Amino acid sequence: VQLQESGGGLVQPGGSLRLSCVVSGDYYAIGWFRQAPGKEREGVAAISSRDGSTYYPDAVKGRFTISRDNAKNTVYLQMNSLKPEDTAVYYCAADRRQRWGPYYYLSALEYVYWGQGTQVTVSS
């Protein structure tokens, strides 16, 4: 399965950004992951293709929302009330292994298919 992200940019604190990723191929799980300079990849949102359940770390709850338009084979990450701590390269990733629980939905280690990433920078 292939992934290609778009929608990154330079954002003011409190602002919004909407990321998109066009997906080709079937998957069990898809999510968004971010990696700040010199840091590890961390999951910020995931969704199950089987039951549509979604998963987020507390740090982005109420601010980030993952959704899909299956007609367009596109997944989205709507990011509101952005903060400088949200600055990172954001990646879409997918996987075909069954799982349940937030840990395995949000762990970057458990996704095999990766997009190229799109830069998100939040500064005044």
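We number the residues from 1 along the sequence you see.
As the entry records it, the average C-alpha temperature factor is higher for 68-76, out of 68-76 and 49-57. Judged by mean Cα B factor in the deposited record, 21-29 ranks above the other of 21-29 and 98-106. Ranked by C-alpha B-factor against the other modelled residues of its chain, residue 122 falls in the middle third. The deposited CA B-factor of residue 82 belongs to the middle third of values across its chain.
Remark: residue 41 belongs to the highest third of its chain, ranked by C-alpha B-factor as recorded.
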